[PDB]
Each structure stands twice: as structure tokens, then as C-alpha cells.
$ cat start_2.cif   # mmCIF, C-alpha atoms and all ligand atoms
data_model
#
loop_
_atom_site.label_atom_id
_atom_site.label_comp_id
_atom_site.auth_asym_id
_atom_site.auth_seq_id
_atom_site.Cartn_x
_atom_site.Cartn_y
_atom_site.Cartn_z
CA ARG A 1 9.56 -2.63 -0.80
CA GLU A 2 9.90 1.00 -1.88
CA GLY A 3 7.54 2.83 -4.24
CA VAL A 4 3.88 2.12 -5.12
CA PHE A 5 1.74 -0.07 -7.42
CA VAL A 6 0.29 1.70 -10.45
CA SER A 7 -1.69 0.74 -13.58
CA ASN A 8 -1.56 2.32 -17.05
CA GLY A 9 -5.18 1.12 -17.65
CA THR A 10 -4.45 -2.60 -18.39
CA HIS A 11 -0.97 -3.57 -17.05
CA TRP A 12 0.29 -3.34 -13.46
CA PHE A 13 3.68 -1.82 -12.58
CA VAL A 14 5.66 -0.70 -9.52
CA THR A 15 7.22 2.81 -9.47
CA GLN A 16 9.19 5.04 -7.10
CA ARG A 17 6.93 7.76 -5.54
CA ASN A 18 8.54 11.06 -6.72
CA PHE A 19 9.18 10.25 -10.45
CA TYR A 20 7.24 7.87 -12.77
CA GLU A 21 9.51 4.89 -13.69
CA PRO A 22 7.39 1.73 -14.36
CA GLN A 23 9.03 -1.61 -13.53
CA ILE A 24 7.64 -5.15 -14.08
CA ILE A 25 6.30 -6.41 -10.72
CA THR A 26 8.70 -9.00 -9.25
CA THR A 27 9.67 -10.71 -5.96
CA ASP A 28 12.77 -8.40 -5.61
CA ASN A 29 10.51 -5.29 -6.03
CA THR A 30 8.01 -6.59 -3.40
CA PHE A 31 7.63 -8.45 -0.08
CA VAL A 32 4.88 -10.90 0.93
CA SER A 33 2.85 -10.62 4.10
CA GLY A 34 -0.14 -12.89 4.79
CA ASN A 35 -3.10 -14.03 2.68
CA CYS A 36 -5.33 -11.97 0.32
CA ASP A 37 -8.39 -11.81 2.66
CA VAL A 38 -7.16 -9.08 5.08
CA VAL A 39 -6.12 -6.10 2.86
CA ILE A 40 -8.96 -3.70 1.88
CA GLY A 41 -8.79 -2.83 -1.86
CA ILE A 42 -6.18 -5.48 -2.92
CA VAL A 43 -6.11 -6.53 -6.65
CA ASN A 44 -5.20 -9.74 -8.54
CA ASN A 45 -2.06 -9.76 -10.75
CA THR A 46 0.99 -11.90 -11.72
CA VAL A 47 4.20 -11.35 -9.72
CA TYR A 48 7.23 -12.44 -11.78
CA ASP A 49 9.81 -14.65 -9.96
CA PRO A 50 13.14 -13.87 -11.77
CA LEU A 51 14.68 -17.26 -10.82
CA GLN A 52 12.21 -19.38 -12.88
CA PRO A 53 13.70 -18.67 -16.40
CA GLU A 54 17.16 -19.41 -14.91
CA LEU A 55 15.99 -22.85 -13.62
CA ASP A 56 14.24 -23.45 -17.00
CA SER A 57 17.69 -23.29 -18.77
CA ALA B 1 -1.30 18.61 -5.06
CA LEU B 2 -1.21 14.96 -6.23
CA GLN B 3 -4.17 12.76 -5.22
CA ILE B 4 -3.47 9.55 -3.25
CA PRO B 5 -5.94 7.21 -1.41
CA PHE B 6 -5.91 8.05 2.33
CA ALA B 7 -5.21 4.42 3.37
CA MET B 8 -2.07 4.54 1.14
CA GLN B 9 -1.05 7.94 2.51
CA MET B 10 -1.20 6.44 6.02
CA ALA B 11 0.83 3.46 4.77
CA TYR B 12 3.52 5.95 3.56
CA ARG B 13 3.33 7.80 6.94
CA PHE B 14 3.78 4.46 8.79
CA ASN B 15 6.71 3.64 6.46
CA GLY B 16 8.20 7.04 7.51
CA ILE B 17 8.46 5.88 11.21
CA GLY B 18 10.22 2.53 10.50
CA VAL B 19 6.95 0.49 10.68
CA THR B 20 6.40 -1.62 7.52
CA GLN B 21 3.39 -0.84 5.23
CA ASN B 22 1.64 -4.17 5.89
CA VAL B 23 1.33 -3.26 9.63
CA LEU B 24 -1.22 -0.65 8.52
CA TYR B 25 -3.06 -2.63 5.83
CA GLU B 26 -3.39 -5.71 8.10
CA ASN B 27 -4.83 -3.38 10.86
CA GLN B 28 -6.61 -0.65 8.82
CA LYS B 29 -10.01 -0.95 10.59
CA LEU B 30 -8.32 -0.88 14.03
CA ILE B 31 -6.19 2.18 13.08
CA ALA B 32 -9.28 3.99 11.73
CA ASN B 33 -11.31 3.15 14.89
CA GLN B 34 -8.46 4.30 17.20
CA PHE B 35 -8.22 7.60 15.23
CA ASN B 36 -12.02 8.19 15.18
CA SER B 37 -12.12 7.46 18.96
CA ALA B 38 -9.17 9.83 19.66
CA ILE B 39 -10.81 12.73 17.71
CA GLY B 40 -13.91 12.06 19.90
CA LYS B 41 -11.73 12.56 23.04
CA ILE B 42 -10.55 15.94 21.61
CA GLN B 43 -14.17 17.12 21.20
CA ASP B 44 -15.17 15.95 24.70
CA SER B 45 -12.06 17.48 26.36
CA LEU B 46 -12.67 20.86 24.63
CA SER B 47 -16.40 20.72 25.58
CA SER B 48 -15.50 19.74 29.22
CA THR B 49 -12.93 22.49 30.12
CA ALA B 50 -11.74 25.92 28.90
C1 LIG C 1 0.04 -0.32 -20.94
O1 LIG C 1 1.34 -0.98 -20.93
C2 LIG C 1 1.50 -2.08 -21.92
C3 LIG C 1 2.95 -2.58 -21.79
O2 LIG C 1 3.19 -3.64 -22.74
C4 LIG C 1 1.17 -1.55 -23.33
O3 LIG C 1 1.13 -2.66 -24.25
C5 LIG C 1 -0.21 -0.87 -23.37
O4 LIG C 1 -0.43 -0.36 -24.72
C6 LIG C 1 -0.24 0.27 -22.34
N1 LIG C 1 -1.46 1.08 -22.42
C7 LIG C 1 -2.68 0.65 -22.10
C8 LIG C 1 -3.83 1.65 -22.27
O5 LIG C 1 -2.87 -0.49 -21.69
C1 LIG C 2 -14.11 2.61 -3.84
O1 LIG C 2 -15.35 3.23 -3.41
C2 LIG C 2 -16.52 2.83 -4.21
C3 LIG C 2 -17.74 3.62 -3.70
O2 LIG C 2 -17.48 5.03 -3.83
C4 LIG C 2 -16.69 1.31 -4.12
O3 LIG C 2 -17.74 0.88 -5.01
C5 LIG C 2 -15.40 0.58 -4.53
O4 LIG C 2 -15.60 -0.85 -4.36
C6 LIG C 2 -14.21 1.07 -3.69
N1 LIG C 2 -12.97 0.44 -4.15
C7 LIG C 2 -11.96 0.18 -3.32
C8 LIG C 2 -10.66 -0.29 -3.99
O5 LIG C 2 -12.05 0.32 -2.11
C1 LIG C 3 -8.87 -12.93 -7.38
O1 LIG C 3 -8.44 -14.22 -7.91
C2 LIG C 3 -8.95 -15.42 -7.19
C3 LIG C 3 -8.43 -16.66 -7.94
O2 LIG C 3 -8.69 -16.51 -9.35
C4 LIG C 3 -10.49 -15.35 -7.10
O3 LIG C 3 -10.96 -16.38 -6.21
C5 LIG C 3 -10.96 -14.01 -6.53
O4 LIG C 3 -12.41 -14.00 -6.50
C6 LIG C 3 -10.41 -12.86 -7.39
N1 LIG C 3 -10.88 -11.57 -6.88
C7 LIG C 3 -11.37 -10.63 -7.68
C8 LIG C 3 -11.76 -9.31 -6.99
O5 LIG C 3 -11.51 -10.79 -8.89
#

$ encode --input "start_2.cif" --output "C-alpha cells" --more "lines below"
Ligand SMILES: *[C@@H]1O[C@H](CO)[C@@H](O)[C@H](O)[C@H]1NC(C)=O
Ligand SMILES: *[C@@H]1O[C@H](CO)[C@@H](O)[C@H](O)[C@H]1NC(C)=O
Ligand SMILES: *[C@@H]1O[C@H](CO)[C@@H](O)[C@H](O)[C@H]1NC(C)=O
Amino acid sequence: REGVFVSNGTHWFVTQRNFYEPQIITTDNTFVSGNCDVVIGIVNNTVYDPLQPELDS
Amino acid sequence: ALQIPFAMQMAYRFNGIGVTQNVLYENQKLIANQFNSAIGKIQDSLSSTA
């Protein structure tokens, strides 16, 4: 939504552009648009949905 | 200077005009072909008239 996706070599994170602050990639950090096939240079990773542990209570 | 992939730099420059990033990545070949064509018109205009 704001910032950029970045990898430390094995994990994937999202960070603001002008200062490195790695956050776990989640549905409130990101927005969906369309299927995987269109974007050149896309990568596979988990996106954490923060509601699921709440429903699992 | 900080390196960044040019397709992601254009996604930031789209995001700077109120157009969402995915509008570029879903159209990246079109945007590249429109730019390459437009630079061709600059060459031909400058060759055509002083
Ligand atoms: C990358 O981040 C994870 C976060 O848990 C860490 O375990 C790992 O050591 C970091 N470095 C590399 C090279 O993966
Ligand atoms: C980056 O370019 C290399 C060739 O220089 C290519 O093998 C690779 O698949 C490309 N990766 C992406 C993410 O476009
Ligand atoms: C991404 O993950 C899907 C499902 O596992 C798989 O079909 C696809 O080939 C993967 N792409 C890459 C580049 O690994």
C-alpha cells in the first residue's frame, strides 16, 4: 500500500522507502489486484491474514 | 545513488500522480512500447525539421 517488498536473503518483508524498517507481510500492509500471471518478476511468498489467529481462539 | 529496478521506479512515479502501482505492472509492456514509440517520434521530428 505504501513502501516496497524486500528480502534479507531468505525471508520477505515490506518496508517504507526512505528508511529500512522490515514488517511481516500482511493483508493490511498490501492490496490485491488480479492473478499471478500478468506481473513481470513477481515472486511466491506467504501473506499473513491477521484475522485468522483471532478466529482460531 | 540507490539502485532500484526501472519497472519499480516507474511504479513509484505512477504512484506519485495518484495512479495505483498495479496500473503499471498490469500494463508494463504497453507502457514500455508507448515510451519506445514516443522516443522514436522525437528522433523523427528532430531529423525532419530544424
Ligand atoms: C532473515 O530474517 C530472519 C527473520 O527470522 C532471520 O531468521 C534470518 O537469520 C535473516 N537472515 C538471513 C540471511 O536469512
Ligand atoms: C533478470 O534478468 C536476468 C537476465 O539478465 C533474467 O535471467 C532474470 O530471469 C530476470 N529476473 C527478473 C525478476 O526479471
Ligand atoms: C509459484 O507457486 C505456484 C504454486 O506452488 C507454482 O505453480 C509456480 O510455478 C511457482 N512459481 C515459481 C517461479 O516458483

$ atom_distance --input "start_2.cif" --atom1 "atom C6 of ligand LIG 2 (chain C)" --atom2 "atom CA of residue 1 of chain A"
24.2 Å

$ interface_residues --input "start_2.cif" --of "chain A" --to "chain B" --cutoff "8 Å" --atoms "only C-alpha atoms" --output "list in words"
residues 33, 38, 39 and 40 of chain A

$ atom_distance --input "start_2.cif" --atom1 "atom CA of residue 6 of chain B" --atom2 "atom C4 of ligand LIG 1 (chain C)"
28.3 Å

$ residues_near_ligand --input "start_2.cif" --ligand "ligand LIG 2 (chain C)" --cutoff "9 Å" --atoms "only C-alpha atoms and all ligand atoms" --output "PyMOL selection string"
chain A and resi 40-43

$ residues_near_ligand --input "start_2.cif" --ligand "ligand LIG 1 (chain C)" --cutoff "9 Å" --atoms "only C-alpha atoms and all ligand atoms" --output "list in words"
residues 7, 8, 9, 10, 11, 12 and 13 of chain A

$ closest_residue --input "start_2.cif" --among "B:4, B:10, B:44, B:49" --to "residue 32 of chain B" --atoms "only C-alpha atoms"
B:10

$ residues_near_point --input "start_2.cif" --point "(2.1, 0.4, -9.2)" --cutoff "10 Å" --atoms "only C-alpha atoms" --output "PDB file with C-alpha atoms, in the frame of the given file"
ATOM      1  CA  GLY A   3       7.540   2.830  -4.240  1.00  0.00           C
ATOM      2  CA  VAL A   4       3.880   2.120  -5.120  1.00  0.00           C
ATOM      3  CA  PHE A   5       1.740  -0.070  -7.420  1.00  0.00           C
ATOM      4  CA  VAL A   6       0.290   1.700 -10.450  1.00  0.00           C
ATOM      5  CA  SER A   7      -1.690   0.740 -13.580  1.00  0.00           C
ATOM      6  CA  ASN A   8      -1.560   2.320 -17.050  1.00  0.00           C
ATOM      7  CA  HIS A  11      -0.970  -3.570 -17.050  1.00  0.00           C
ATOM      8  CA  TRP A  12       0.290  -3.340 -13.460  1.00  0.00           C
ATOM      9  CA  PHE A  13       3.680  -1.820 -12.580  1.00  0.00           C
ATOM     10  CA  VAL A  14       5.660  -0.700  -9.520  1.00  0.00           C
ATOM     11  CA  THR A  15       7.220   2.810  -9.470  1.00  0.00           C
ATOM     12  CA  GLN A  16       9.190   5.040  -7.100  1.00  0.00           C
ATOM     13  CA  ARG A  17       6.930   7.760  -5.540  1.00  0.00           C
ATOM     14  CA  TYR A  20       7.240   7.870 -12.770  1.00  0.00           C
ATOM     15  CA  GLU A  21       9.510   4.890 -13.690  1.00  0.00           C
ATOM     16  CA  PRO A  22       7.390   1.730 -14.360  1.00  0.00           C
ATOM     17  CA  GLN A  23       9.030  -1.610 -13.530  1.00  0.00           C
ATOM     18  CA  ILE A  24       7.640  -5.150 -14.080  1.00  0.00           C
ATOM     19  CA  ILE A  25       6.300  -6.410 -10.720  1.00  0.00           C
TER      20      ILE A  25
END
